[PDB]
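Asks: kindly generate the corresponding structure for this input.
(2 chains, ligands or ions: 4)
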Amino acid sequence: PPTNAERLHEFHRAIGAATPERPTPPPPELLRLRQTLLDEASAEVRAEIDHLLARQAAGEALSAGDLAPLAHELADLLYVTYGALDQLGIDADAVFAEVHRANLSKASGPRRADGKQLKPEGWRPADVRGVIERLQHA
Amino acid sequence: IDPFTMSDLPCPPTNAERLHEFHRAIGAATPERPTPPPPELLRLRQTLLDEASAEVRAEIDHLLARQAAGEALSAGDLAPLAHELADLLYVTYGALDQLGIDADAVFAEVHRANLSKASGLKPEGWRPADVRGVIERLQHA
Ligand SMILES: O=c1ccn([C@H]2C[C@H](O)[C@@H](COP(=O)(O)O)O2)c(=O)[nH]1
Ligand SMILES: [Mn+2]
Ligand SMILES: [Mn+2]
Ligand SMILES: [Mn+2]
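Replies: Numbering: from 1, shown residues only, chains lettered A, B, ... in the order given. Ligands and ions are numbered 1, 2, ... in the order given. See below for the structure:
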């Protein structure tokens, strides 16, 4: 069963712009393009969250159906974020698994006042350099 | 499984299912089905999305500066950017998970529309992504 990362690979092949299979340093125009796509998708999510917060400040009780535009824009952001990893030739699932393992290890840490999970004493970061080296050879 | 099961090798978890595991582990809200959020949850999700976006941008800028000055970039030089892009995935999935919205279901519908459009400009009979229908269907699962 395909992953969302593999879906992006299929999409790029379908638009005739097949992407490398292994990590590949990109030309500058590729980085600038991916940055623009990330910024526009981030701005759409940001605007929608501000929009929902303003409705709540007005006293409206949101329903689940009110969440459809935000869910759509969040998925569009996933699309362009996976898309950036795919055009770099970087297996997003392998990097994500490393990041996830180093996030589960934060469970014993304290929380910030806004709810952000913080790092416990002694915590050590994900080793994404090692994942990249793993993907680069085989 | 039952006494007849002689092997059990499940499909690996999706990245969306990983966010559910993380939020369970840290005691954060992770509803099974779509759930309107308190404003405090929306504010946190915004903060994490802004923070992760800023970190990605910082790493893209570092790469552009190094290659501008002639540096030969190896695959290993992409590791900070890849880490920050994975963090951005993480908090984007994380917002969908805290809303009780199956990110894989929503992504699959966005992908269906995007992949369909690539076979056309739109092909005949093209249907845009119907995320509203996905959330309704998730409510009745
Ligand atoms: O409340 C939290 C705190 C951290 N993270 C994940 C997202 C990133 O992968 C990474 C960011 O953590 P910091 O490095 O900013 O502390 O942890 C969350 O998803 N929710
Ligand atoms: Mn969009
Ligand atoms: Mn980060
Ligand atoms: Mn951070």
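Asks: can the helix or strand harbouring residue A:135 be said to contact ligand 3?
Replies: Secondary structure from DSSP states H and E places residue A:135 in helix A:128-136. No - Helix A:128-136 stays clear of ligand 3 (CB under 5 Å from the ion), getting no nearer than 10.8 Å. Placement of C-beta: from N, CA and C, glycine included.
Asks: and the residue of chain A that's closest to ligand 1?
Replies: At 3.7 Å from ligand 1, residue A:117 is the closest residue in chain A, using CB to the nearest ligand atom.
Asks: where does the residue lying farthest from the centre of chain A sit: helix, strand or coil?
Replies: Distance from the C-alpha centroid of chain A, by CA atoms, centre = their mean, peaks at residue A:59 (31.9 Å). Following DSSP: H, G, I helix; E, B strand; the rest coil, residue A:59 is assigned to coil.
Asks: for the nearest residue to residue A:82 once chain neighbours are set aside, which three-state class applies?
Replies: In space, and not counting its chain neighbours, residue A:82 is closest to residue A:8: 4.3 Å by CB to CB, 6 or more residues apart in numbering or on different chains. Classification of residue A:8 using three-state DSSP returns helix.
Asks: same check on residue A:107?
Replies: coil.
Asks: isn't it up against residue B:25?
Replies: Yes - using CB atoms under 8 Å, residue A:107 makes contact with residue B:25 at a distance of 4.5 Å.
Asks: ok, the residue in chain A that ligand 2 sits nearest to - how many residues close by?
Replies: Residue of chain A nearest ligand 2, by CB to the ion: residue A:76 (3.6 Å). Using other CB atoms under 10 Å in any protein chain shown, residue A:76 has 23 other residues around it.
Asks: what residue, apart from its backbone neighbours, is nearest it spatially?
Replies: Leaving aside its sequence neighbours, residue A:76 sits nearest to residue A:41 (CB to CB, 6+ apart; 5.2 Å).
Asks: show me what contacts the one you found?
Replies: Neighbouring residues of residue A:41 by CB atoms under 8 Å, 6 or more residues apart in numbering or on different chains: A:73, A:76-77, A:79-81.
Asks: before we move on, which element is it in?
Replies: Element membership of residue A:41 [criterion: DSSP H and E] is helix A:28-57.
Asks: mind checking what helix or strand follows that helix in sequence?
Replies: Per DSSP H and E, the first helix or strand lying C-terminal to helix A:28-57 is helix A:68-87.
Asks: and stretch A:14-31, how far out from the chain middle?
Replies: Centroid displacement of stretch A:14-31 relative to its chain, using CA atoms, centre = their mean, to the nearest Å, is 18 Å.
Asks: now swap in stretch A:83-93 and tell me
Replies: Mean C-alpha position of stretch A:83-93 versus that of the full chain (CA atoms, centre = their mean) differs by 11 Å.
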